[PDB]
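As structure tokens, one chain now follows by itself in the form deposited in one PDB entry.
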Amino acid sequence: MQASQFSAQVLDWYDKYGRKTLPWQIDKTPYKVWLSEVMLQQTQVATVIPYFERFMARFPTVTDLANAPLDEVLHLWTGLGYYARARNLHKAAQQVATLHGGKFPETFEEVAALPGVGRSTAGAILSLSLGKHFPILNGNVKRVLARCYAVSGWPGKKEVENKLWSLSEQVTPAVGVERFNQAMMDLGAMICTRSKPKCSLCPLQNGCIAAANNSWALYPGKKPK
């Protein structure tokens, strides 16, 4: 299926079945999306919700986070694991306070220059909060695209990662980008799961190569040897 059909199908799915109501999806701002995405990167949504709420209550703005002692941040993080994320979160908040006047930056380069924020997270922050036209490529999205398009290789190989970014760019619209990127993450989290994907529930099932061949276990490739 052509890229414009992929987009349309994902957006139609999101409208009827998507996750739209989580706390970081209401009255979205760059700060809220960044905080949530950092929390979500290594933690499931159900675990994250109470931490996001406690963080937003304690730190309503990025300057509040910046000005807090690191030990208080780490205390509030306790139980999320992967504390390098918290150390970077705090440093990034301080960079936003120091370099950007306390206003979370709204341009890609400046977002991507923050500690703890890579190309995909920067694209997520600006597409979800502001509708800027950037694609994403987290683990979940890699799996959806690798299955749909039979990307056999290990995404730890630069050439393979680049192929996946190209595919993501190709399917990602400008109109509705906030909805499409959330939908792709939702699909990878809840439908196109690591094991035994729920293809009958997937809006891509009519063009996905893995579904056609029952070969989801091949994609993405795993690390060699």
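In case it trips you up, residue 1 is the first one in the sequence shown, and so on.
Trainee: Do the C-alpha atoms of 71-79 or of 150-158 have the higher average B factor in the entry?
Mentor: Going by the record's values, the stretch with the higher mean is 150-158.
Trainee: Can you let me know which of the two, 22-30 or 176-184, has the higher average C-alpha B-factor in the entry?
Mentor: Higher of the two, by average CA B-factor, is 22-30.
Trainee: Compare the C-alpha B factor of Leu65 with those of the other modelled residues in its chain, then answer lowest, middle or highest third.
Mentor: It falls in the bottom third of the chain.
Trainee: Sort the modelled residues of this chain by their C-alpha B factor and say whether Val48 lands in the lowest, middle or highest third.
Mentor: Lowest third.
Trainee: If you rank the chain by CA B-factor, which third does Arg54 end up in: lowest, middle or highest?
Mentor: Lowest third, going by the recorded CA B-factors of the chain.
Trainee: Classify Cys199 as lowest, middle or highest third according to the C-alpha B-factor given in the PDB entry, relative to its own chain.
Mentor: As the PDB entry reports it, the C-alpha B-factor of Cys199 lands in the middle third of its chain.
Trainee: C-alpha B factor of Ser129, ranked within the chain: lowest, middle or highest third?
Mentor: Answer is middle: the recorded C-alpha B-factor places it there.
The same protein has a further form, the form deposited with a small molecule bound, not shown here; the description that follows concerns it.
Trainee: Can you pick the one in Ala66, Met185, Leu164, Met56 that has a heavy atom within 4.5 Å of the small molecule in the entry with it bound?
Mentor: Partner contact (heavy atom, 4.5 Å) among the options: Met185.
Trainee: Can you check 153-161, 38-46, 167-175, 56-64 and let me know which stretch has heavy atoms within 4.5 Å of the small molecule in the entry with it bound?
Mentor: Single hit among the candidates: 38-46.
Trainee: Spell out, yes or no, whether the shortest heavy atom distance between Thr29 and the small molecule in the entry with it bound is within 4.5 Å.
Mentor: Although the small molecule is absent here, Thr29 would stay clear of it in the entry with it bound, with no heavy atoms inside 4.5 Å.
Trainee: Quick check on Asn138: any heavy atom within 4.5 Å of the small molecule in the entry with it bound?
Mentor: Answer yes; at least one heavy atom of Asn138 falls within 4.5 Å of the small molecule in the entry with it bound.
Trainee: Is there a non-hydrogen atom of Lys20 within 4.5 angstroms of a non-hydrogen atom of the small molecule in the entry with it bound?
Mentor: No, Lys20 sits far enough from the small molecule in the entry with it bound that none of its heavy atoms falls within 4.5 Å.
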